[PDB]
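Taken one at a time, structure 1 and structure 2 that follow are two forms of one protein chain, written as structure tokens.
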Structure 1
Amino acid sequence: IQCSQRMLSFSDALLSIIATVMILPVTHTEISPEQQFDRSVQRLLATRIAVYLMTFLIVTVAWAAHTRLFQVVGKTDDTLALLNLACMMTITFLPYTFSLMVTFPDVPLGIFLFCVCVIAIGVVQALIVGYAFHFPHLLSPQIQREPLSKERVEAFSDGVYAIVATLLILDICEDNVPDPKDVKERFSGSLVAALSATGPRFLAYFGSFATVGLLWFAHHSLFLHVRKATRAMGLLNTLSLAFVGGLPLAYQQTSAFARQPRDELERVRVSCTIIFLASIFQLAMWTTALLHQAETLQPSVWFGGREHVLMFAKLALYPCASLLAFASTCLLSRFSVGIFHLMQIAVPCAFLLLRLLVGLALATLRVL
């Protein structure tokens, strides 16, 4: 009998990428200036965002069902591996059916194909269960004779984060790659001078990537001290990942969404809201785990623990900064863009010096 760890890792990667794909249409929404005040186009954009959210949630539900199934199964086999590949294929077919239904919501074809795909997933998983139970040695020892699998959650989250960070660089690679017919005209053939138009732009990439990379760093930190992953924690993680997938929306440059008519205040508000939603659910995961620390958290991060305050600050850094920037957009709009840039530059430094800042604050409050 074979060890199923790599097969489950492959499934996690596939499903995470599949869930995150549907943000691409959102980033490719073109709004002409003539349609800036057209409510129909704005409604279409909102509908496409809702479609992305629904598809992410559906793929996550399928992934959770798969996780249940292969917690029940445990071991794998050639036949089981091929059946898992068939299940992954059927699941990956879901975005196509959902897109077809979106294009023609009033025709039965989309609903019919979606139902057929769901039934196919069900039948494939039932076949997997039947094969596993027909050979008892392929079952988990407890079954051979609820909690979530932490590694599956971590792999799914890593896939989502990596895909977002990749979409950023794909956007950059197209933003600032001029052609000879463009450089010879805009800059009289001096490519170096094109830095004046491209220098800052790719520099902005460094700011965006960090925002994702540090968010993962928070997640990576939290689950280093997580013992038991509860279903509520899984749901909160799913919401956090769903809102993480929208970071390219607030950070991409070539994206049609980025080229829509807008103002600085609106863009800053949207980016701050997306970051706040992404991070507040990680903070909610941590708070939820704190209620049952005895069974969900390592002793170091329990109340009064050595790592407690550090973890709390690490997870609350982004929500507080995002909320402060959003408030500044309303109270100090004239300098809100500068404050947002300052936040982008400072939050990584705060993460780097976090262990010193926390101790300094603790000592200052103790003496005072």
Structure 2
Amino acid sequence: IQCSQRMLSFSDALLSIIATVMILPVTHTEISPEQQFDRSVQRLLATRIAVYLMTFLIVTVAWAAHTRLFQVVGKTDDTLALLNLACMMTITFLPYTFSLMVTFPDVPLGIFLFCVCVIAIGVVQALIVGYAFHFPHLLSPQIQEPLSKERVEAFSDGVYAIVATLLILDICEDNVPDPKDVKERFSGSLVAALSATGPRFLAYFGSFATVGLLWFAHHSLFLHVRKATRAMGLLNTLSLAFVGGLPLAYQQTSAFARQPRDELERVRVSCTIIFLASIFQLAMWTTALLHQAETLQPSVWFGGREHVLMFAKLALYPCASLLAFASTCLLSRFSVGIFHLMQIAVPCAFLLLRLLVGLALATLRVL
């Protein structure tokens, strides 16, 4: 009989990979230069987005069920590890089957495959439960609503890492100049061929910075969380789902724009995605504040030392996104520059957040 922590961490990593499988088609969608094709291209992209959102949810539900199952099976053994591997393997087919079901609505085989995968997941989990109850010493002591904060943190960390490294993975695969290309299409200059790839690196820069800072806020919040809840888990799931869309937004804000309005609308979309990703972290914090006695450490309670700093940390990005979005409507001519200035400023504000909070508190105290 063994401790289950490493096995559950491995399962969380696998589930995080599977939950994000359908983002690659979205980011690998090519921004066509011909605007006349837009109507078609958009129709594809939106669909690819919708599927991504559904899959991430469905897998999340499975993950949640897993998190509950092994709250009832505390200690693991060899048989349970092998069975959990089987369960992970079954879960890995959910995205493909759902994608096939949506791609072939009128073919009854797609729904059959998806339902059979769901049934197989259920069967393996029931086998795990039966095995653990046949050997009672593998059950949790209380067996012989809250979600395990451990699993939430691990799953979120995996999702954040994948989303932060998506664009660098794509660059490392696709954008190493061909030695022959550097000759004819760049007159032998590796400098020029690399410079012709600047926009993609700027996109990776922006995406990694934003995802890392959102992870930083999430990490700061869950460092103070005594107990996670189902509502908090749902809000975290929504936040991660919208975090997945940040690399796309940053790709679109570095591409070439024939018309300024395209730049403006891409900025709008980017700010909207950032706001959606961050407002649900803030909602997580606010919902936890409803039951701070049970969910939060005293430090972040109302009147605590770290309450205001935590609120500022979790409300920074939403406020910045809202300000940029409002500028796009009221200060259009400067909106793109404001967006870039925000991309530079927000990391600096996170760096100097404590001093800024103290300064604001003192200023309001004297005022």
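Throughout, residue numbering runs from 1 along the sequence of structure 1. Superpose the two forms; the largest set of C-alphas matching within 1.5 Å is the rigid core.
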| item | value |
| --- | --- |
| Label of the structure corresponding to the form described as "open state" in its entry title | 2 |
| Listed options 292, 231, 220, 201; Cα moving by 2 angstroms or more between structure 1 and structure 2 (core superposition) | 201 |
| Core-aligned C-alpha movement of residue 31 between structure 1 and structure 2, 2 Å or more | yes |
| After fitting the core, residue 119 CA displacement of 2 Å or more between structure 1 and structure 2 | no |
| Residue 139 C-alpha shift between structure 1 and structure 2 of 2 Å or more, rigid core reference | no |
| Core-fitted comparison between structure 1 and structure 2 - CA shift at residue 174, Å | 5.5 |
| Core-aligned Cα shift of residue 41 between structure 1 and structure 2, given in Å | 3.8 |
| Once the two forms are fitted on their core, CA shift of residue 254 between structure 1 and structure 2 in Å | 11.5 |
